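Given next are the chains, with one letter for each unit.
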Amino acid sequence: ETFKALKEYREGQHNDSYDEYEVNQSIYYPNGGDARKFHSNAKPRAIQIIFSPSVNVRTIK
Amino acid sequence: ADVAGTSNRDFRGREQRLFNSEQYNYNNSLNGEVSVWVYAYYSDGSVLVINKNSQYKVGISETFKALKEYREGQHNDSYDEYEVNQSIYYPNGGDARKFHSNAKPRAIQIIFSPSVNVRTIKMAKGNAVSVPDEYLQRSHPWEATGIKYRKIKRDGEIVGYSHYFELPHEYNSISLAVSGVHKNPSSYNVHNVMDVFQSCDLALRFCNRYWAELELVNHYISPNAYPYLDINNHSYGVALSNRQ
Amino acid sequence: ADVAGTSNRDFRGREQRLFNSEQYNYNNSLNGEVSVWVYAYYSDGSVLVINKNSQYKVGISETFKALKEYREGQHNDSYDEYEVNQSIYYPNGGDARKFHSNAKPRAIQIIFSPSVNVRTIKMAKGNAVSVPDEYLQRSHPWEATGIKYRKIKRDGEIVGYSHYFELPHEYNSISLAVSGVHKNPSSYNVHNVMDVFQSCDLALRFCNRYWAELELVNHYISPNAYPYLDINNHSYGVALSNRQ
Amino acid sequence: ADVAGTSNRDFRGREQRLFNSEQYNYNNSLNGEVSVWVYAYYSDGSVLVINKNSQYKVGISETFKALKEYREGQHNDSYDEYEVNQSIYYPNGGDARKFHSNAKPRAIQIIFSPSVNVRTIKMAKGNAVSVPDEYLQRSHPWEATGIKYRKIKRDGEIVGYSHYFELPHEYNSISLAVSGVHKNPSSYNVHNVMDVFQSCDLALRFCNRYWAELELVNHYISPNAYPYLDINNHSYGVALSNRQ
Ligand SMILES: [Cl-]
Ligand SMILES: [Cl-]
Ligand SMILES: [Cl-]
């Protein structure tokens, strides 16, 4: 997944889409965008990766 | 004339030291201001500040709703946020489409000017329906929390006092009032009561949402010579007593 | 040990009776809360509650406009309702597209906690431009309406006081303030004045529009052990003095 | 110690030259990345970049529609642009209100990292319904276009390869896929197949629309040490082999 694809998207609700394009430009390069926020709440706060018990753990990358 | 910075006749230097000393001492006289600030920090990095400036005593009191983030001129999910409020006022009381409102404060800092007497500070930290301690019948209407205030210091002088507490848990849903009294080391009090009543009308309030602690430091705290303590424990303010 | 409910050594029963008695008496001490609620009832069945909780004395004061129904996150006919307000402030002063705004309150209930002294209750019921009695020059700024308050009782104990008045007529267009003082059967007063000034800052407010009296009973009054009187004359609240 | 830049014991200079040489050679090892970028240039001066970075081999494949300009959070004439697409898929197939969509790319640049083997580069440039050469039955699924790639060079070193083609005609309506394989000058291959299958899952993609080639140069190409060739034939990138 890209950085953008992991950001929160609320189907059928407002998503601040224009400001969030600007946030992305600021994340891709310091001071690269003109957003009206310091921290996007659409950024993930954590990631869990889970595999089924049929994976071989030594092959995980 | 004598040469600058070489003798006791540098009256420009003496007057600059007196000018600063007179500001520090004036603010501590009963003719001076006492001030309080409530900072409510949000997850998007923005910060609501409420400040009240008044003579003799000063305070701020806000509902749960009034401390939630409000973005002027932008979308605020207003209908869903009415539903979130009903769920916070009573479990399962609303029909919101989210688990956690990002408009809830993540932390509160209370700062007082150095003219407050710390022993007079009182806080009413209530639940989301504005009750101080679970039920009205058993509630003392405030706690005197001065022992928890840290000195904000610059160059050895106290420039303000801070009490900070995080609200990082889902159940941290509060209403808040705070009050402090201006220093009065004298025994004067009798005769001045209607003047204190007029101070209740004359107190000036300011409220604004700044987009980042950086912006709060640069455009709010520093230009007005106010005290502050940032997330990295750095003290801001201006030392004045006996200083040039 | 002795068997439960058979002897004077049921210390669990004694402590449960003391726990409740201590809450009732604490609320009546000068360390306790005094509280007031203003309920404004609308034709769609919804109810605005404003509550203030404070030590020593407490009150609420609202403009005509502030008591009109406001639906958060829904349409409120805001422009037409500015025009309705102009017509209420002065006959024929606005250009509204309705005869009667359904946002006007149909009735008001004022309830005080049982720690108020009823004889100290004062109401300023003003006209729509916030004048108590037709013209300022002839207005006394309040009426002491304690004689009209009914006792809200449960199991023989007074759990609160109620004053209710309907606004069913077209010309019933009001502004409203109310105030009561906490019981003080002692002769203590001198020394505590700045503490009362701090109580003015520390008072906590709550405001919300509930969609039905049922919802008010279930999600507001009952969970917080507050007193109430419903449209069918049923008393709600919790008896505590000498009770398990 | 010896003086800087005067002897064979300037180990800071030797380590700086090795650090850069090790990056160049690592990228060319089979442990290193191979990368491709597709740049689609629009008439308003904006540029969509898609980049894929992976081990062993890498590619990008996009429909006609996916290469059209999309302005996030702005109007995009979405209904008329569905109609334009129907007219491009089949003559007279749509009911658009324009002759030429300004969302169509005016040109494409394909750039590969210097770790690709140029002889392995393959392009499938299809018509607007994703057929490589007019009809499926007669289509070879790619053309090997490495001979057309120019060396992007800095300070004498190849920093990437470019193939650029304009789409200036009304009938220039394409779908596009490209693929290249990482250099492998060894005879090692057998044993590594499942590792290549995992590389297909591990390949990282990036996509963004920048508003100008200037902005692409300053905020995309240069900060990431990527190769590029601008409209004035200027080469960008960083020479590393044997260099400080
Ligand atoms: Cl003084
Ligand atoms: Cl007492
Ligand atoms: Cl290798």
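Residues numbered from 1 in each chain as written, not as in the entry; some residues may be left out. Chains lettered and ligands numbered in written order. Part of a larger assembly, values for the part shown. Heavy atoms only, no water.

What the entry reports as its method is X-ray crystallography, with 1.55 Å given for the resolution.

1. Observations concerning the overall build of chain A
Put simply, the rule is: Runs of E in the DSSP output that reach at least two residues are strands. Runs of H or I that reach at least four are helices, and both are numbered from the N terminus. Only C-alpha atoms enter the radius of gyration; for comparison, a globular chain is expected to reach 2.2 Å times N to the power 0.38, where N is the number of residues. A contact between two residues is defined here by any heavy atoms of the two lying within 4.5 Å. Per-residue and other accessible areas were derived by the Shrake-Rupley procedure at a 1.4 Å probe size, with only the shown protein chains allowed to occlude residues. In this tally, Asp and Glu contribute negative charge and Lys and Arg positive charge; neither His nor the terminal groups of the chain are included. Charged side chains are reduced to one point each, which is NZ for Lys, CZ for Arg, CG for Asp and CD for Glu.
When you go through chain A residue by residue, the secondary structure sums to 1 helix and 0 strands. Taking 2.2 N^0.38 as the reference for a compact globule, 61 residues should give roughly 10 Å; the C-alpha atoms of chain A span a radius of gyration of 16 Å, well beyond that estimate. Taking the principal axes of the C-alpha coordinates as reference, chain A spans close to 45 × 30 × 15 Å. Summarising the internal contacts of chain A: among those between residues at least 6 apart in sequence, 27% fall at separations of at least 24. When the accessible surface of chain A is summed, it comes to about 4,700 Å², and 50% of that surface belongs to carbon and sulfur atoms. Looking at charge distribution, chain A has the averaged site of its 9 positive side-chain charges lying 9 Å from that of its 8 negative ones.

2. Let's talk about the sheet that holds strand β8 (residues 175-181) of chain D
All names here are of chain D. Note the threshold: Pairs of strands are assigned from DSSP output, requiring at least two bridges between the strands. Lines are fitted to the C-alpha atoms to define the axes, a helix being fitted only along its stretch in contact, and any angle between axes, read from their N-to-C directions, falls within 0 to 180 degrees.
Strand order in this open sheet of 3 strands is β3-β8-β5, and the pairing throughout is antiparallel. For this open sheet the edge positions go to β3 (57-62) and β5 (122-126), each flanked by a neighbour on one side alone. When strand polarity is set aside, the average angle formed by the axes of neighbouring strands in this sheet is 0°. Here 6 bridges tie β3 to β8, and the two strands are oriented antiparallel to one another. When the sheet's bridge partners are listed, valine 58 is paired in β8 with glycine 180.

3. Re the interface of chain B and chain C
By a widespread convention, an interface's size corresponds to the accessible area lost as its parts come together. To keep it simple, the criterion reads: The quantity reported as buried area is the accessible area (1.4 Å probe) lost by two parts once they are put together, taken as the sum for both. Here, a salt bridge means any side-chain nitrogen of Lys or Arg that lies within 4 Å of a carboxyl oxygen of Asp or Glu. Throughout this description, a polar contact denotes any pair of N or O atoms lying within 3.5 Å of each other; where both atoms belong to protein, one of them has to be capable of donating a hydrogen while the other can accept it, and for residues adjacent in sequence the pair is counted only when both atoms sit in side chains. Throughout, the ten residues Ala, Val, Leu, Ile, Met, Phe, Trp, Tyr, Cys and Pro are labelled nonpolar, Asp, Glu, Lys and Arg are labelled charged, and all others, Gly among them, are labelled polar.
Contacts between the two partners involve 47 residues from chain B and, on the opposite side, 37 residues from chain C. Of all residues in chain B, the largest losses of buried area upon contact with chain C belong to B:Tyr82, B:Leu136 and B:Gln137, amounting jointly to 21% of the total for that side. Taken together, the connections running from chain B to chain C amount to 1 salt bridge. C:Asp201 is the partner of B:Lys57 in a salt bridge, and the nearest nitrogen-oxygen pair spans 2.6 Å. Counting the contacts that link chain B with chain C gives 11 residue pairs in polar contact. Of the residues that constitute the side of chain B that touches chain C, the class distribution is 25 nonpolar, 16 polar and 6 charged.

4. Examining the interface of chain D and chain A
Contact with chain D, which involves 15 residues of that partner, is made by 13 residues of chain A. Here chain D meets chain A over a buried area of about 1,300 Å², counting both sides, of which 56% is carbon and sulfur. Contact with chain A buries surface across chain D, with D:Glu72, D:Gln198 and D:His219 losing the most and accounting together for 36% of the total. Along the contact surface separating chain D from chain A lie 0 salt bridges. In this assembly, chain D and chain A are joined by 4 residue pairs in polar contact. Of the residues forming the side of chain D that touches chain A, the biggest block, 5 residues, is contributed by strand β9 (residues 204-210) of chain D. Residue classes in the side of chain D that touches chain A are distributed as 5 nonpolar, 6 polar and 4 charged.

5. Thoughts on the environment of C:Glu62
Residue and element names in this part refer to chain C. Here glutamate 62 lies in strand β3 (residues 57-62). Taking the C-alpha atoms as reference points, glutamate 62 and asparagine 8, separated by 54 residues in sequence, lie 53 Å from one another. Polar side-chain contacts of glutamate 62 include one of 2.9 Å to the side chain of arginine 205.

6. Remarks on the arrangement of the chains
Summarising the chain contacts, 3 pairs of chains touch, and the pair with the most contacts is chains B and C. In this view chain B stays clear of chain D, with the nearest C-alpha atoms of the two still 14 Å from each other.

7. Description of the pattern of salt bridges
Residue and element names in this part refer to chain D. The tally for this structure, following the rule as stated, stands at 31 salt bridges over all chains. With its nearest N and O atoms 2.7 Å apart, the salt bridge here joins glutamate 157 to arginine 243. Highlighted residues: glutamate 157 in strand β7 (residues 157-166) and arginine 243 in the segment after β11 (235-236), separated in sequence by 86 residues.

8. Comments concerning the side chain of C:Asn53
Put simply, the rule is: Burial classification: accessible surface area is computed with a 1.4 Å probe over protein chains only, and a residue below 20% of its type maximum counts as buried, one above 50% as exposed, and the rest as partly exposed.
Tracing the backbone shows C:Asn53 in strand β2 (residues 47-55). Classification of C:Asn53 as buried rests on a relative accessible area of 2%. Within the structure, the side chain of C:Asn53 is placed 2.9 Å from the side chain of C:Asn51, a separation counted as a polar contact. Setting aside its immediate chain neighbours within four residues, C:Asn53 contacts B:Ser130, B:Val131, B:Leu136, C:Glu33, C:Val34, C:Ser35, C:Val58, C:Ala203 and C:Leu204.

9. Remarks on the nonpolar core
Residues and elements named next belong to chain C. As a reminder, the rule being used: Nonpolar core, defined: a set of buried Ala, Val, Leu, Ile, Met, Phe, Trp, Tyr and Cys residues in which side-chain atoms within 4.5 Å join the residues together.
Core analysis: the largest hydrophobic core is formed by 25 residues, its most contacted members being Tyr39, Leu216, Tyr220 and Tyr228. Elements with a contribution of two residues or more to this core: β1 (33-41), β2, β4 (107-112), β9 (204-210), α4 (213-221) and β10 (228-229). Here the element with the most residues in this core is α4; it accounts for 4 residues. If we ignore the near neighbours within four places in the chain, the residues touching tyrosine 220 are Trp37, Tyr39, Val49, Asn51, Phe206, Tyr210, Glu215 and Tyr226.

10. A word on the pairing of strand β6 (residues 150-154) of chain C
Side-chain direction in a regular strand flips from residue to residue, so the side chains alternate between the two faces of the sheet. Residues and elements named next belong to chain C. Summarising the sheet, β6 and strand β7 (residues 157-166) pair through 5 bridges and their orientation is antiparallel. Paired with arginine 150 across the two strands is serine 162, which belongs to β7. Hairpin remark: β6 followed by β7, antiparallel, with 2 residues in the connecting loop; positive phi at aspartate 155, about 50°.

11. Re the sheet that holds strand β1 (residues 33-41) of chain B
All names here are of chain B. The strand order β6-β7-β4-β1-β2-β9 describes an open sheet built from 6 strands, whose pairing is antiparallel. Each edge of the open sheet is held by one strand with a lone partner, namely β6 (150-154) and β9 (204-210). Mean inter-strand twist for the sheet, computed between neighbouring axes without regard to direction, equals 20°. In the sheet, strand β2 (residues 47-55) pairs with β9 via 7 bridges, with the strands oriented antiparallel. When the sheet's bridge partners are listed, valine 47 is paired in β9 with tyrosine 210.

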